[PDB]
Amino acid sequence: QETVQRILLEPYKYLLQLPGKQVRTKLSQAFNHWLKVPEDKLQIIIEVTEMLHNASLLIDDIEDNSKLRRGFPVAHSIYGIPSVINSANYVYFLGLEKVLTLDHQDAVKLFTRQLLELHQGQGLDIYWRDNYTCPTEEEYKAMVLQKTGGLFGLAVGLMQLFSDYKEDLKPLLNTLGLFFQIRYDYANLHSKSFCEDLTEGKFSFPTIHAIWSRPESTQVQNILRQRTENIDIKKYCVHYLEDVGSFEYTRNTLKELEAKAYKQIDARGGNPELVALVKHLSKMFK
């Protein structure tokens, strides 16, 4: 009578069912080019990433109050908030249990570190959003390093524990995770489900640039406070962003991060497949 496993884990399965690009899985596969972890241990780590990542996504969609993910209704929108919260937390501790494999003294300590950081960054994003105090660009980046840096750290760090590779590539991880989120944040605004970021009231990187670039106007802060689903107000806001030059700013900064991206990978070896991933991901702005 262990159908309770299937029922308890149902919101999670639903989310996986929706196509998820699993770019991070492509990454891990292309980061074994440096790591070359035994397949048996690599499969276990990859399981922990997909589990932890999608669990964090389940929780995020509640806390971010989004309506859609990968084009399909969010898990709490169908299964109800309590079920998907508990479901996602369950997947967290299934991940820890799965990490008790590998038999490595360092896996659990690394695990707690990485999840702690993910939760700190995630908590900061919501704190700024809900307490209506915008961060500086540095604060935004530094938190993003924790927010997207968390899972990246679990993946690549867990691979480092079982590799005869001893170097220190966390610089590549920082630069990379900043490329991912800022690609996403720019991608959200520069295009139903239109400008969902504005409805969250979240401080995207572009809104942060417009907010600090022109302290003479308060609007964007106010547009964010409203949390409007109204199409016209959001269209105006992207108009404002463009007039203050923020999408341009994000392009410049994005090409910045990509330029640095190629540098410390060049210094970290060849890595052709990963570079190909990077180009493909940068294709949006051109």
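Numbering starts at 1 and follows the sequence shown.
Coordinates are absent for 4 to 9 residues of the deposited sequence placed between residue 191 and residue 192. For the segment pair 9 to 17 and 273 to 281, the entry gives 273 to 281 the higher mean B-factor, averaged over Cα atoms. For the pair 226 to 234 and 251 to 259, the mean Cα B-factor is higher in 251 to 259. Between the residues 74, 142, 161, 84, the entry's highest C-alpha temperature factor is the one at 161. Looking at 58, 52, 68, 37, the one whose CA carries the top B-factor in the deposited record is 37. Sorting the modelled residues of the chain by their CA temperature factor places residue 181 in the middle third. Sort the chain's modelled residues by C-alpha temperature factor and residue 78 lands in the lowest third, per the entry. Remark: residue 171 belongs to the highest third of its chain, ranked by C-alpha B-factor as recorded. Sort the modelled residues of the chain by CA B factor and residue 105 lands in the highest third. For residue 212, the recorded CA temperature factor ranks within the middle third of the chain's modelled residues.
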